[PDB]
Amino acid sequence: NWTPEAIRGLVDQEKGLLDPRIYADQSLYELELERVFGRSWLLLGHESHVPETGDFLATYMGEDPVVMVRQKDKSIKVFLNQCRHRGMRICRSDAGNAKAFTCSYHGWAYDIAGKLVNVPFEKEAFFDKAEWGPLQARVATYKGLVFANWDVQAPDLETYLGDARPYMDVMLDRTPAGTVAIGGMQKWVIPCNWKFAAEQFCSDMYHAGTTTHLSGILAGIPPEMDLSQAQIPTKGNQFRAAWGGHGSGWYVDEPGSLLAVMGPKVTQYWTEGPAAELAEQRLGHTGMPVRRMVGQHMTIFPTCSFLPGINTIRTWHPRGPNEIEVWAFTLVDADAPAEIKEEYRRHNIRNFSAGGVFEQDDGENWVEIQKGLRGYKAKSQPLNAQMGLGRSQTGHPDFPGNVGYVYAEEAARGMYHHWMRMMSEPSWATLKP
């Protein structure tokens, strides 16, 4: 089929070229499922989605539907929402609370652990119930977020995240109380491949630095103070991961496009006063100047994306090469004052939702790109990923890791780089950090 040799040629971080085919080949999508999605660590939401016992949430891992349910022992199990008898969906609502999961087709019942504990007419018909339960999937946690994985061979969550953790924490680890998820999961369909969504949150600040959000910006300044005086951010840096194709990027010294993007009360909370300094000292154990560090974007390959400063975070569920679902939600500091928790809710609605003054323009590019990639010619020549090629340092004063300029494609090169590895290397032996 698609030889390991062929896959390797689709990406090249040396010269900086991407075969446009990656966003569009059906064969490459289906192999993405088996080799990327059936072996990666996929975000499912937060602990605060399932506080009590039995509390569940139907969600996805690639194109496999999963129940993430809270346990008796306060742990969290995650399993394929599929009764192994004849295929039926076991848990049939979006969220709620369970003492039991019954399969409506033939009765086969289940408990919140996800174990098969009764089969109607067991003896007259039939087999061991313990070996015929819904394919179990590994579960782990990082400062709130839940992730899962089907592959026993894969490196544990903490290892997999690697040196990306310092940057994740900037959102998550700002208090010992932790983050909590404001209820409600936003969902919408986007006709565009997942990697643009992933890449945009990885390396792309360029889009915001240039044209995409000119309208987004215009929205948040008085009728008197009109955009004929536009001040675009310049200073900031981008992180490439040591392994696994994650990445982040942010501005430094610039409360410019955060006051216009998020209002005063949320700036004067992320930057000033008691709650701001508490954060810097909780994570200033990497030399991190987090109070002057605004407008961050980040991805955890494949599909966990979020804007730490802003606090919206989403999973792109793949729906073929031409389609993804955005399942978004926002995060708050659990101990934060209510007025600021309202300011975090209101703004994640105004800006990062289907009708969001920012998200609309975000999705448009990807929408309009995916349309173009239908053509033979539009898929027959390399795409330019050459921003800051070999310009990122191996060490930096204020920020750890492989670090470049904010407007660059180093994280992106990493992302497509790791994407290629997983697609080409069937033996976990080779791939593990």
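A residue's number is simply how far along the shown sequence it sits, counting from 1.
Count class of coordinate-free deposited residues lying between the neighbours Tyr105 and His106:
The entry leaves nothing out here.
Averaged over C-alpha atoms, is the B-factor higher for 32-40 or for 361-369 in this PDB entry?
Mean CA B-factor is higher for 32-40.
Look up the CA B-factors in the entry and say which stretch, 130-138 or 185-193, has the higher mean.
If you average the C-alpha B-factors of 185-193 and of 130-138, the larger mean comes out for 130-138.
Selection by C-alpha B-factor (highest) of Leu80, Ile217, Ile340, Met298
The listed residue with the largest C-alpha B-factor is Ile340.
Considering only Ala230, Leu307, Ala208, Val146, which residue's Cα atom bears the greatest B-factor as recorded?
In the PDB entry, the greatest C-alpha B-factor among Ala230, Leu307, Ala208, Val146 is found at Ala230.
Comparing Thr394 with the other modelled residues of its chain, is its CA B-factor in the lowest, middle or highest third?
Tercile = highest for this residue's CA B-factor.
Check where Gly244 lands among this chain's C-alpha B-factors and tell me if it's the lowest, middle or highest third.
Highest third.
Per the entry's values, where does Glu14 land by CA temperature factor relative to the rest of its chain, in the lowest, middle or highest third?
Tercile = highest for this residue's CA B-factor.
Compared with the other modelled residues in the chain, in which third is the CA B-factor of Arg21?
Its C-alpha B-factor belongs to the lowest third of this chain's values.
With respect to C-alpha B-factor, does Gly355 fall in the lowest, middle or highest third of the chain as deposited?
Lowest third of the chain for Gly355's C-alpha B-factor.
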